[PDB]
Amino acid sequence: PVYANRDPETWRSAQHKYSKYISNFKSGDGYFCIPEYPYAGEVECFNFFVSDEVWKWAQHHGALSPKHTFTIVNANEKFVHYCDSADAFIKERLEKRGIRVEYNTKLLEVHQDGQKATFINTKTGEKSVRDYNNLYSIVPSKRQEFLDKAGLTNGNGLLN
Amino acid sequence: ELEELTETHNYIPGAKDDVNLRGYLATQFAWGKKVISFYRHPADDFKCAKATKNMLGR
Amino acid sequence: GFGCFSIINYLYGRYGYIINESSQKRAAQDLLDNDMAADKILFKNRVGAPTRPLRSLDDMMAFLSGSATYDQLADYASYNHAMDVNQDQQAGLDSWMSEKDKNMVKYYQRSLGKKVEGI
Amino acid sequence: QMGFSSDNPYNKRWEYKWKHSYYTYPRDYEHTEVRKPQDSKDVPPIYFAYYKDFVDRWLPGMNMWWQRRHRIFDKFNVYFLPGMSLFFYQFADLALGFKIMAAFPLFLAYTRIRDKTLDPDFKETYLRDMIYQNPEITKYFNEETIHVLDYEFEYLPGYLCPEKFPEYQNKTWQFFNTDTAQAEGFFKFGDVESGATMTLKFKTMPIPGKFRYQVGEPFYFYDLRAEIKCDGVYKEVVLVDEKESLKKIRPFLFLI
Amino acid sequence: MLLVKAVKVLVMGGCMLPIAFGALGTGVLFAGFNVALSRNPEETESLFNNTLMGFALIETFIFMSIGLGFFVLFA
Amino acid sequence: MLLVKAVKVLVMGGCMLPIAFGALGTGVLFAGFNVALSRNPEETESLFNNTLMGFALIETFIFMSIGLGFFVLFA
Amino acid sequence: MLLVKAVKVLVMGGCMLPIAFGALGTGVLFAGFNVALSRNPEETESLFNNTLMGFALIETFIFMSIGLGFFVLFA
Amino acid sequence: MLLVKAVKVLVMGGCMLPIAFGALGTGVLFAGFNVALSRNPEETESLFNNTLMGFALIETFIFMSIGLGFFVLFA
Amino acid sequence: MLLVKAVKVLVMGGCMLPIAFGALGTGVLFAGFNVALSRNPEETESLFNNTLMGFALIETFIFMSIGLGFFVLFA
Ligand SMILES: CCCCCCCCCCCCCCCCCC(=O)OC[C@H](COP(=O)([O-])OCC[N+](C)(C)C)OC(=O)CCCCCCCCCCCCCCCCC
Ligand SMILES: CCCCCCCCCCCCCCCCCC(=O)OC[C@H](COP(=O)([O-])OCC[N+](C)(C)C)OC(=O)CCCCCCCCCCCCCCCCC
Ligand SMILES: Nc1ncnc2c1ncn2[C@@H]1O[C@H](COP(=O)(O)OP(=O)(O)OP(=O)(O)O)[C@@H](O)[C@H]1O
Ligand SMILES: [Mg+2]
């Protein structure tokens, strides 16, 4: 039940695991992880508003167990960095819906055997282990050295 | 033996004979040359049926 | 599905006039207004048959927009005798017609069971 | 408990499964001993074939529905479907579509009553494959030397404890179901080679699998225990523990 | 009025055109199936499956038009 | 009235259109059978059994048209 | 009567359409028989019989049309 | 009026013409898919996908035609 | 007036003729792609791109007709 933001290149045309993140969430603890900025897919990959509406139906007719947990693990402090109006709207709507969030925490490791997810609070440096049953994460980015060795990037690793 | 076949409605000749030589002699020039399967009853029906994503059970 | 289709088909039979009776009354008088206009502009020969609907464009539309225009012309073309007379006229045999000869088609329509007045 | 049971003494756990090729029913029930010619009645009475079909096929079928009648007393079968049938039955003379929409909810009720009253059948081949893979059991039991002494498997009545299974506290699900669809039972086994006996207790529940709407396994052993007893050794094997299984998978909550 | 009805019944006749192409379209699909079979008769299963599936889509359009026919005939 | 009748019969003539295409589709189907047969005659039975099956579906539509033909002619 | 008879005889002319497609289906069939014969002449008689056999399925539609033709021409 | 109305329903019938060609076009596509498969059945999934894709594009035209039909029938 | 208006609607239906041939042309192109693909599947990407391009050019003529249709319908 580990899902991501893009499909690997090994999947053929007959694999549709990407579409089972929202459908196959019958029970368990769900975690939507966001990596540390800068990352790709800031707003075009936020699907925690459609899942809530689809999972609100599952609780109505019993498809989704009542003892489930969905929390948004955002490594960053704000969802939209360069737009306060949008980020304020998101955090406002997330609370209106009833979703819980945890800031300064980023996914670190995933155990495929026992379904263990190792998180770490960058603010306190305290890492924890949490059982998961439906895990979604936006693929984290990484700065390329050939752009830093040439003295082009600035700080984070973006072009100056 | 002939009564047992009649009372069990095994009225297909040579069904309970391992070597239905009489059936082979009658089918030497038959289209679709075949003999009755062993212990075949005229009432048994093993037909199956399934539904698939494609039509006609394919 | 058959239950719903068989039901709405009944409601549209029992009810239905609540929403379409206006379009039926509209097409009723409309079917009479265009018919009345056809008799005004149409070539009727010595018998009541529109034999020249292609005389002009307006005649073609008046003939198509009518209800009885198709019948008066069809019942005339189906009467073998009236067509035998026309075949004689084309060859050069023609004369005057009495009031009884003018209604030769009305007698033919009545025989079929049509309701025609003015014999 | 086995719902379909005739006066036949043999093979009670297979009576509903076995499809005989008889044109009619045998004159007498399967003999448990060699009897005398005068113990049985020659040329059984007239209309005997019909009497047997009623007491061997009809009656035990109604005893099944009566034994498990508590599983069909839901507001959907009791009030909704009969009420839906009466609403269209008042207009049955107007058209045919009303006769259909009035009989459909009755055919739907029969189907739910039919499937819910059947004896709960788990995939027994999956089970034996599971125990014969355990080494602690194969030490004393083998399929070529094992025999059944007792068998019990029946649905659990009513809703369960609303702390271990909070799923069933759903008013929408309760409208369609009065039972849980879970079953509990045991297996009394014996091995004629080693002389060992064990009681294989198990609890089942329906679970979802690999799909969104369809159930994966209607009888999933979330608790499977074996209390083995031998000449002078008593063992307790735990093939499936409920504390570890209920944390990974939850029931299905059948509707309709 | 009467003519519009006369055209409606005519449009209903036009539905027999796909019926003609469906016959030709069917003979072609089964013509290739024969040749395709003779070239590699080991794979009867897959080829045969694709035949009927293709046939389904072919006839699907046939009855689709027939449905469209009766529709315009009464609507 | 009499006009729609003249159209009813006119449509009934159109039913002979598939009757034409069915003939063409046959010559094509049997042509593939010959080539497929000359290609691998050892597998005749399989190639053959599939031939008539296809043809059965072909003229089935032909009969189907005649059905609609008489329908519109009398319905 | 005479008006409908005019379209009746006209419809009878439509029956000459399969007569055309049946000819084309024939020219195509014997073409496949010839080319297929060259590739494997060892089974000449087999191909030959299937050729004429296929042709019989062509005149089927032919006679069917003419039958249906004279029928509506008088029914 | 009624004349323009007669053409409206008449065009509505013409939409069944692509339905005929869509049927024929489908048989040809699958006939090739069969032959394309018997040649190299190793690419079932690939050839199979490419087949249905092309077929999907055909239904686009089919639905497009019908859409044009009702539109012109009321506009 | 009403006559020319009727012809305008009639020509609007004529646009469905390229739609029919466009559907048939699609099946033909993809059939050639399928067979050409099974023969050399290593370069599917090349053949695949050329396929969709042709299909686009086909719709080009399709849209041209529809454009031409509405044009004469109002001009
Ligand atoms: C007057 C008294 C009453 C008489 C009643 C009827 C008598 C019937 C006599 C028995 C013959 C019955 C014919 C069965 C076909 C036998 C041939 C065969 O199997 O085909 C093999 C044939 C021939 O294979 P072959 O290898 O054996 O022979 C080849 C022939 N040569 C050598 C010349 C090439 O091959 C096939 O596979 C064709 C398959 C299609 C067969 C078509 C069968 C259609 C009939 C089945 C439906 C009938 C059910 C009716 C039920 C009615 C219910 C109300
Ligand atoms: C207001 C009046 C009430 C309505 C009247 C309804 C009449 C119902 C009885 C007549 C219908 C009989 C149809 C049977 C058709 C199917 C055959 C069959 O029975 O299968 C049985 C089957 C038997 O099993 P099986 O046939 O499916 O498979 C058996 C498998 N082997 C062979 C291996 C054992 O069981 C059932 O179908 C479930 C029980 C259904 C019970 C049928 C209705 C009983 C009604 C009881 C109350 C009637 C009260 C009236 C009496 C008053 C006093 C006189
Ligand atoms: N693989 C199969 N293929 C075709 N039909 C099947 C298949 N499996 C079952 N069926 C049909 O479905 C019926 C029920 O299957 P089921 O597995 O529940 O029987 P079972 O006796 O309970 O097996 P078990 O003893 O393992 O519990 C079967 O009697 C059979 O008619
Ligand atoms: Mg079982």
# chains A, B, ... in the order shown; residues from 1 in each chain; ligands from 1

$ calpha_fit_and_write --fixed "chain E" --moving "chain H" --output "PDB file with N, CA and C atoms, in the first residue's frame"
ATOM      1  N   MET H   1     -46.425  16.403 -42.963  1.00  0.00           N
ATOM      2  CA  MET H   1     -46.848  15.273 -42.092  1.00  0.00           C
ATOM      3  C   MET H   1     -46.488  13.941 -42.737  1.00  0.00           C
ATOM      4  N   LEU H   2     -47.311  13.503 -43.692  1.00  0.00           N
ATOM      5  CA  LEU H   2     -47.032  12.250 -44.383  1.00  0.00           C
ATOM      6  C   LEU H   2     -45.668  12.278 -45.053  1.00  0.00           C
ATOM      7  N   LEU H   3     -45.243  13.445 -45.543  1.00  0.00           N
ATOM      8  CA  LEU H   3     -43.908  13.558 -46.118  1.00  0.00           C
ATOM      9  C   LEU H   3     -42.846  13.229 -45.078  1.00  0.00           C
ATOM     10  N   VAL H   4     -42.904  13.892 -43.921  1.00  0.00           N
ATOM     11  CA  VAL H   4     -41.990  13.564 -42.833  1.00  0.00           C
ATOM     12  C   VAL H   4     -42.153  12.104 -42.435  1.00  0.00           C
ATOM     13  N   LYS H   5     -43.387  11.602 -42.466  1.00  0.00           N
ATOM     14  CA  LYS H   5     -43.620  10.191 -42.177  1.00  0.00           C
ATOM     15  C   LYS H   5     -42.981   9.303 -43.237  1.00  0.00           C
ATOM     16  N   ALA H   6     -43.023   9.732 -44.500  1.00  0.00           N
ATOM     17  CA  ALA H   6     -42.396   8.957 -45.565  1.00  0.00           C
ATOM     18  C   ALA H   6     -40.889   8.870 -45.369  1.00  0.00           C
ATOM     19  N   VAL H   7     -40.264   9.971 -44.947  1.00  0.00           N
ATOM     20  CA  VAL H   7     -38.831   9.945 -44.683  1.00  0.00           C
ATOM     21  C   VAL H   7     -38.522   9.072 -43.477  1.00  0.00           C
ATOM     22  N   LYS H   8     -39.420   9.037 -42.493  1.00  0.00           N
ATOM     23  CA  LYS H   8     -39.186   8.212 -41.314  1.00  0.00           C
ATOM     24  C   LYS H   8     -39.027   6.746 -41.696  1.00  0.00           C
ATOM     25  N   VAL H   9     -39.999   6.197 -42.430  1.00  0.00           N
ATOM     26  CA  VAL H   9     -39.897   4.802 -42.841  1.00  0.00           C
ATOM     27  C   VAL H   9     -38.763   4.622 -43.841  1.00  0.00           C
ATOM     28  N   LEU H  10     -38.454   5.661 -44.619  1.00  0.00           N
ATOM     29  CA  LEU H  10     -37.357   5.567 -45.575  1.00  0.00           C
ATOM     30  C   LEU H  10     -36.024   5.397 -44.859  1.00  0.00           C
ATOM     31  N   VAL H  11     -35.781   6.207 -43.826  1.00  0.00           N
ATOM     32  CA  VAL H  11     -34.565   6.054 -43.035  1.00  0.00           C
ATOM     33  C   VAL H  11     -34.527   4.672 -42.402  1.00  0.00           C
ATOM     34  N   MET H  12     -35.684   4.184 -41.951  1.00  0.00           N
ATOM     35  CA  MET H  12     -35.745   2.849 -41.369  1.00  0.00           C
ATOM     36  C   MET H  12     -35.198   1.802 -42.330  1.00  0.00           C
ATOM     37  N   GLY H  13     -35.369   2.014 -43.635  1.00  0.00           N
ATOM     38  CA  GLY H  13     -34.788   1.098 -44.602  1.00  0.00           C
ATOM     39  C   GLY H  13     -33.284   1.253 -44.711  1.00  0.00           C
ATOM     40  N   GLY H  14     -32.794   2.491 -44.622  1.00  0.00           N
ATOM     41  CA  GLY H  14     -31.371   2.750 -44.736  1.00  0.00           C
ATOM     42  C   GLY H  14     -30.531   2.001 -43.725  1.00  0.00           C
ATOM     43  N   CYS H  15     -31.124   1.606 -42.597  1.00  0.00           N
ATOM     44  CA  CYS H  15     -30.383   0.864 -41.584  1.00  0.00           C
ATOM     45  C   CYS H  15     -29.854  -0.458 -42.118  1.00  0.00           C
ATOM     46  N   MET H  16     -30.444  -0.984 -43.192  1.00  0.00           N
ATOM     47  CA  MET H  16     -29.950  -2.219 -43.787  1.00  0.00           C
ATOM     48  C   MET H  16     -28.650  -2.016 -44.550  1.00  0.00           C
ATOM     49  N   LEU H  17     -28.180  -0.773 -44.679  1.00  0.00           N
ATOM     50  CA  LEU H  17     -26.911  -0.546 -45.367  1.00  0.00           C
ATOM     51  C   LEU H  17     -25.734  -1.041 -44.537  1.00  0.00           C
ATOM     52  N   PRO H  18     -25.566  -0.642 -43.272  1.00  0.00           N
ATOM     53  CA  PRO H  18     -24.525  -1.284 -42.451  1.00  0.00           C
ATOM     54  C   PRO H  18     -24.661  -2.793 -42.385  1.00  0.00           C
ATOM     55  N   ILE H  19     -25.886  -3.319 -42.436  1.00  0.00           N
ATOM     56  CA  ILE H  19     -26.065  -4.767 -42.437  1.00  0.00           C
ATOM     57  C   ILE H  19     -25.341  -5.386 -43.625  1.00  0.00           C
ATOM     58  N   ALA H  20     -25.372  -4.708 -44.773  1.00  0.00           N
ATOM     59  CA  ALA H  20     -24.631  -5.186 -45.934  1.00  0.00           C
ATOM     60  C   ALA H  20     -23.130  -5.126 -45.680  1.00  0.00           C
ATOM     61  N   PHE H  21     -22.639  -3.969 -45.233  1.00  0.00           N
ATOM     62  CA  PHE H  21     -21.218  -3.825 -44.951  1.00  0.00           C
ATOM     63  C   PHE H  21     -20.784  -4.707 -43.791  1.00  0.00           C
ATOM     64  N   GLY H  22     -21.675  -4.951 -42.831  1.00  0.00           N
ATOM     65  CA  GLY H  22     -21.347  -5.872 -41.758  1.00  0.00           C
ATOM     66  C   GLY H  22     -21.142  -7.285 -42.265  1.00  0.00           C
ATOM     67  N   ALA H  23     -21.933  -7.691 -43.260  1.00  0.00           N
ATOM     68  CA  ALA H  23     -21.737  -8.998 -43.876  1.00  0.00           C
ATOM     69  C   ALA H  23     -20.393  -9.062 -44.587  1.00  0.00           C
ATOM     70  N   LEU H  24     -20.100  -8.056 -45.410  1.00  0.00           N
ATOM     71  CA  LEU H  24     -18.813  -8.013 -46.093  1.00  0.00           C
ATOM     72  C   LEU H  24     -17.670  -7.910 -45.094  1.00  0.00           C
ATOM     73  N   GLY H  25     -17.820  -7.054 -44.082  1.00  0.00           N
ATOM     74  CA  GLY H  25     -16.779  -6.916 -43.079  1.00  0.00           C
ATOM     75  C   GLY H  25     -16.509  -8.205 -42.331  1.00  0.00           C
ATOM     76  N   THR H  26     -17.532  -9.045 -42.173  1.00  0.00           N
ATOM     77  CA  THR H  26     -17.350 -10.314 -41.481  1.00  0.00           C
ATOM     78  C   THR H  26     -16.544 -11.289 -42.330  1.00  0.00           C
ATOM     79  N   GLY H  27     -16.878 -11.395 -43.617  1.00  0.00           N
ATOM     80  CA  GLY H  27     -16.115 -12.269 -44.493  1.00  0.00           C
ATOM     81  C   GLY H  27     -14.641 -11.916 -44.521  1.00  0.00           C
ATOM     82  N   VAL H  28     -14.330 -10.622 -44.578  1.00  0.00           N
ATOM     83  CA  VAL H  28     -12.937 -10.188 -44.584  1.00  0.00           C
ATOM     84  C   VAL H  28     -12.252 -10.553 -43.274  1.00  0.00           C
ATOM     85  N   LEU H  29     -12.941 -10.356 -42.150  1.00  0.00           N
ATOM     86  CA  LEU H  29     -12.337 -10.661 -40.857  1.00  0.00           C
ATOM     87  C   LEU H  29     -12.023 -12.146 -40.737  1.00  0.00           C
ATOM     88  N   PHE H  30     -12.976 -13.001 -41.110  1.00  0.00           N
ATOM     89  CA  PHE H  30     -12.749 -14.438 -41.012  1.00  0.00           C
ATOM     90  C   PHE H  30     -11.779 -14.926 -42.080  1.00  0.00           C
ATOM     91  N   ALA H  31     -11.831 -14.342 -43.278  1.00  0.00           N
ATOM     92  CA  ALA H  31     -10.854 -14.696 -44.300  1.00  0.00           C
ATOM     93  C   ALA H  31      -9.438 -14.479 -43.790  1.00  0.00           C
ATOM     94  N   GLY H  32      -9.209 -13.370 -43.085  1.00  0.00           N
ATOM     95  CA  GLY H  32      -7.912 -13.151 -42.471  1.00  0.00           C
ATOM     96  C   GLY H  32      -7.644 -14.119 -41.337  1.00  0.00           C
ATOM     97  N   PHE H  33      -8.672 -14.417 -40.541  1.00  0.00           N
ATOM     98  CA  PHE H  33      -8.513 -15.382 -39.461  1.00  0.00           C
ATOM     99  C   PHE H  33      -8.120 -16.749 -40.007  1.00  0.00           C
ATOM    100  N   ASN H  34      -8.691 -17.139 -41.148  1.00  0.00           N
ATOM    101  CA  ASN H  34      -8.281 -18.381 -41.793  1.00  0.00           C
ATOM    102  C   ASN H  34      -6.820 -18.315 -42.217  1.00  0.00           C
ATOM    103  N   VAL H  35      -6.470 -17.313 -43.025  1.00  0.00           N
ATOM    104  CA  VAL H  35      -5.080 -17.145 -43.434  1.00  0.00           C
ATOM    105  C   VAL H  35      -4.181 -17.011 -42.214  1.00  0.00           C
ATOM    106  N   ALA H  36      -4.599 -16.201 -41.239  1.00  0.00           N
ATOM    107  CA  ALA H  36      -3.804 -16.040 -40.028  1.00  0.00           C
ATOM    108  C   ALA H  36      -3.620 -17.367 -39.309  1.00  0.00           C
ATOM    109  N   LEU H  37      -4.556 -18.299 -39.490  1.00  0.00           N
ATOM    110  CA  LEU H  37      -4.458 -19.595 -38.829  1.00  0.00           C
ATOM    111  C   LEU H  37      -3.550 -20.542 -39.607  1.00  0.00           C
ATOM    112  N   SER H  38      -3.752 -20.640 -40.923  1.00  0.00           N
ATOM    113  CA  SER H  38      -2.910 -21.516 -41.732  1.00  0.00           C
ATOM    114  C   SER H  38      -1.440 -21.142 -41.599  1.00  0.00           C
ATOM    115  N   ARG H  39      -1.150 -19.855 -41.417  1.00  0.00           N
ATOM    116  CA  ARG H  39       0.223 -19.416 -41.201  1.00  0.00           C
ATOM    117  C   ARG H  39       0.802 -20.054 -39.946  1.00  0.00           C
ATOM    118  N   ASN H  40       0.131 -19.863 -38.813  1.00  0.00           N
ATOM    119  CA  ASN H  40       0.583 -20.385 -37.524  1.00  0.00           C
ATOM    120  C   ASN H  40      -0.624 -20.899 -36.757  1.00  0.00           C
ATOM    121  N   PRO H  41      -1.053 -22.134 -37.029  1.00  0.00           N
ATOM    122  CA  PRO H  41      -2.238 -22.665 -36.341  1.00  0.00           C
ATOM    123  C   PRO H  41      -1.992 -22.985 -34.875  1.00  0.00           C
ATOM    124  N   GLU H  42      -0.807 -22.648 -34.359  1.00  0.00           N
ATOM    125  CA  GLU H  42      -0.518 -22.911 -32.956  1.00  0.00           C
ATOM    126  C   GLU H  42      -1.348 -22.041 -32.024  1.00  0.00           C
ATOM    127  N   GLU H  43      -1.843 -20.904 -32.504  1.00  0.00           N
ATOM    128  CA  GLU H  43      -2.563 -19.937 -31.683  1.00  0.00           C
ATOM    129  C   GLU H  43      -4.053 -19.921 -32.015  1.00  0.00           C
ATOM    130  N   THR H  44      -4.632 -21.102 -32.255  1.00  0.00           N
ATOM    131  CA  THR H  44      -6.064 -21.195 -32.522  1.00  0.00           C
ATOM    132  C   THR H  44      -6.869 -20.407 -31.495  1.00  0.00           C
ATOM    133  N   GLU H  45      -6.751 -20.785 -30.221  1.00  0.00           N
ATOM    134  CA  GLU H  45      -7.539 -20.133 -29.181  1.00  0.00           C
ATOM    135  C   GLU H  45      -7.325 -18.624 -29.185  1.00  0.00           C
ATOM    136  N   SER H  46      -6.081 -18.178 -29.358  1.00  0.00           N
ATOM    137  CA  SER H  46      -5.804 -16.746 -29.339  1.00  0.00           C
ATOM    138  C   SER H  46      -6.443 -16.053 -30.537  1.00  0.00           C
ATOM    139  N   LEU H  47      -6.053 -16.459 -31.749  1.00  0.00           N
ATOM    140  CA  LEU H  47      -6.633 -15.868 -32.952  1.00  0.00           C
ATOM    141  C   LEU H  47      -8.152 -15.989 -32.945  1.00  0.00           C
ATOM    142  N   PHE H  48      -8.665 -17.148 -32.527  1.00  0.00           N
ATOM    143  CA  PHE H  48     -10.107 -17.370 -32.506  1.00  0.00           C
ATOM    144  C   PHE H  48     -10.802 -16.361 -31.602  1.00  0.00           C
ATOM    145  N   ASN H  49     -10.262 -16.149 -30.401  1.00  0.00           N
ATOM    146  CA  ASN H  49     -10.864 -15.192 -29.478  1.00  0.00           C
ATOM    147  C   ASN H  49     -10.827 -13.786 -30.059  1.00  0.00           C
ATOM    148  N   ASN H  50      -9.659 -13.359 -30.541  1.00  0.00           N
ATOM    149  CA  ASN H  50      -9.550 -12.035 -31.143  1.00  0.00           C
ATOM    150  C   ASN H  50     -10.544 -11.865 -32.283  1.00  0.00           C
ATOM    151  N   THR H  51     -10.828 -12.938 -33.021  1.00  0.00           N
ATOM    152  CA  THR H  51     -11.795 -12.864 -34.110  1.00  0.00           C
ATOM    153  C   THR H  51     -13.184 -12.520 -33.586  1.00  0.00           C
ATOM    154  N   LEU H  52     -13.745 -13.394 -32.746  1.00  0.00           N
ATOM    155  CA  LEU H  52     -15.102 -13.182 -32.252  1.00  0.00           C
ATOM    156  C   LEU H  52     -15.234 -11.841 -31.540  1.00  0.00           C
ATOM    157  N   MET H  53     -14.187 -11.410 -30.836  1.00  0.00           N
ATOM    158  CA  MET H  53     -14.230 -10.108 -30.179  1.00  0.00           C
ATOM    159  C   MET H  53     -14.503  -9.004 -31.193  1.00  0.00           C
ATOM    160  N   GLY H  54     -13.665  -8.911 -32.227  1.00  0.00           N
ATOM    161  CA  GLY H  54     -13.904  -7.929 -33.271  1.00  0.00           C
ATOM    162  C   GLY H  54     -15.300  -8.030 -33.847  1.00  0.00           C
ATOM    163  N   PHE H  55     -15.772  -9.256 -34.077  1.00  0.00           N
ATOM    164  CA  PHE H  55     -17.128  -9.440 -34.583  1.00  0.00           C
ATOM    165  C   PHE H  55     -18.156  -8.869 -33.618  1.00  0.00           C
ATOM    166  N   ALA H  56     -17.954  -9.079 -32.317  1.00  0.00           N
ATOM    167  CA  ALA H  56     -18.873  -8.519 -31.333  1.00  0.00           C
ATOM    168  C   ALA H  56     -18.960  -7.006 -31.468  1.00  0.00           C
ATOM    169  N   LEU H  57     -17.820  -6.342 -31.671  1.00  0.00           N
ATOM    170  CA  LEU H  57     -17.834  -4.897 -31.860  1.00  0.00           C
ATOM    171  C   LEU H  57     -18.636  -4.504 -33.091  1.00  0.00           C
ATOM    172  N   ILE H  58     -18.620  -5.338 -34.129  1.00  0.00           N
ATOM    173  CA  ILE H  58     -19.377  -5.033 -35.339  1.00  0.00           C
ATOM    174  C   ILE H  58     -20.872  -5.036 -35.043  1.00  0.00           C
ATOM    175  N   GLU H  59     -21.353  -6.070 -34.346  1.00  0.00           N
ATOM    176  CA  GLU H  59     -22.767  -6.123 -33.995  1.00  0.00           C
ATOM    177  C   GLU H  59     -23.187  -4.916 -33.169  1.00  0.00           C
ATOM    178  N   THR H  60     -22.257  -4.323 -32.418  1.00  0.00           N
ATOM    179  CA  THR H  60     -22.574  -3.100 -31.689  1.00  0.00           C
ATOM    180  C   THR H  60     -23.064  -2.022 -32.645  1.00  0.00           C
ATOM    181  N   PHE H  61     -22.318  -1.794 -33.727  1.00  0.00           N
ATOM    182  CA  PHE H  61     -22.751  -0.843 -34.744  1.00  0.00           C
ATOM    183  C   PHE H  61     -24.068  -1.280 -35.374  1.00  0.00           C
ATOM    184  N   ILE H  62     -24.174  -2.562 -35.726  1.00  0.00           N
ATOM    185  CA  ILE H  62     -25.399  -3.068 -36.339  1.00  0.00           C
ATOM    186  C   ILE H  62     -26.596  -2.777 -35.444  1.00  0.00           C
ATOM    187  N   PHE H  63     -26.515  -3.183 -34.177  1.00  0.00           N
ATOM    188  CA  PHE H  63     -27.604  -2.906 -33.247  1.00  0.00           C
ATOM    189  C   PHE H  63     -27.776  -1.407 -33.039  1.00  0.00           C
ATOM    190  N   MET H  64     -26.669  -0.665 -32.988  1.00  0.00           N
ATOM    191  CA  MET H  64     -26.762   0.785 -32.849  1.00  0.00           C
ATOM    192  C   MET H  64     -27.572   1.388 -33.989  1.00  0.00           C
ATOM    193  N   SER H  65     -27.318   0.938 -35.220  1.00  0.00           N
ATOM    194  CA  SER H  65     -28.055   1.456 -36.367  1.00  0.00           C
ATOM    195  C   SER H  65     -29.550   1.188 -36.224  1.00  0.00           C
ATOM    196  N   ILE H  66     -29.920  -0.068 -35.963  1.00  0.00           N
ATOM    197  CA  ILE H  66     -31.335  -0.408 -35.822  1.00  0.00           C
ATOM    198  C   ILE H  66     -31.963   0.406 -34.699  1.00  0.00           C
ATOM    199  N   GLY H  67     -31.259   0.531 -33.574  1.00  0.00           N
ATOM    200  CA  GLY H  67     -31.750   1.378 -32.498  1.00  0.00           C
ATOM    201  C   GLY H  67     -32.046   2.783 -32.977  1.00  0.00           C
ATOM    202  N   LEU H  68     -31.105   3.371 -33.716  1.00  0.00           N
ATOM    203  CA  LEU H  68     -31.331   4.692 -34.293  1.00  0.00           C
ATOM    204  C   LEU H  68     -32.552   4.684 -35.204  1.00  0.00           C
ATOM    205  N   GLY H  69     -32.778   3.578 -35.909  1.00  0.00           N
ATOM    206  CA  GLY H  69     -33.906   3.464 -36.811  1.00  0.00           C
ATOM    207  C   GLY H  69     -35.248   3.616 -36.127  1.00  0.00           C
ATOM    208  N   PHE H  70     -35.577   2.692 -35.221  1.00  0.00           N
ATOM    209  CA  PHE H  70     -36.857   2.770 -34.521  1.00  0.00           C
ATOM    210  C   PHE H  70     -37.006   4.101 -33.798  1.00  0.00           C
ATOM    211  N   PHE H  71     -35.913   4.619 -33.242  1.00  0.00           N
ATOM    212  CA  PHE H  71     -35.960   5.909 -32.564  1.00  0.00           C
ATOM    213  C   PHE H  71     -36.431   7.003 -33.515  1.00  0.00           C
ATOM    214  N   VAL H  72     -35.747   7.147 -34.651  1.00  0.00           N
ATOM    215  CA  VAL H  72     -36.137   8.154 -35.632  1.00  0.00           C
ATOM    216  C   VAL H  72     -37.489   7.819 -36.247  1.00  0.00           C
ATOM    217  N   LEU H  73     -37.871   6.540 -36.257  1.00  0.00           N
ATOM    218  CA  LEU H  73     -39.168   6.165 -36.809  1.00  0.00           C
ATOM    219  C   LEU H  73     -40.315   6.663 -35.940  1.00  0.00           C
ATOM    220  N   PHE H  74     -40.078   6.838 -34.641  1.00  0.00           N
ATOM    221  CA  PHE H  74     -41.101   7.304 -33.717  1.00  0.00           C
ATOM    222  C   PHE H  74     -40.715   8.585 -32.993  1.00  0.00           C
ATOM    223  N   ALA H  75     -39.560   9.168 -33.300  1.00  0.00           N
ATOM    224  CA  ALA H  75     -39.130  10.405 -32.658  1.00  0.00           C
ATOM    225  C   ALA H  75     -38.340  11.273 -33.632  1.00  0.00           C
TER     226      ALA H  75
END

$ residues_near_ligand --ligand "ligand 3" --cutoff "12 Å" --atoms "only C-alpha atoms and all ligand atoms" --output "list in words"
residues 46, 47, 48, 49, 50 and 51 of chain B; 13, 14, 15, 16, 17, 18, 19, 118, 119, 120, 121, 122, 123, 124, 125, 126, 127, 128, 129, 130, 217, 218 and 219 of chain D

$ residues_near_ligand --ligand "ligand 2" --cutoff "10 Å" --atoms "only C-alpha atoms and all ligand atoms" --output "PyMOL selection string"
chain D and resi 4-6+14-22+53-54+56-66+110+113-115+117-118

$ residues_near_ligand --ligand "ligand 1" --cutoff "6 Å" --atoms "only C-alpha atoms and all ligand atoms" --output "list in words"
residues 31, 32 and 33 of chain B

$ residues_around --residues "residue 32 of chain C" --least-positions-apart "6" --cutoff "10 Å" --atoms "only C-alpha atoms" --output "VMD selection string"
chain C and resid 38 66 to 67
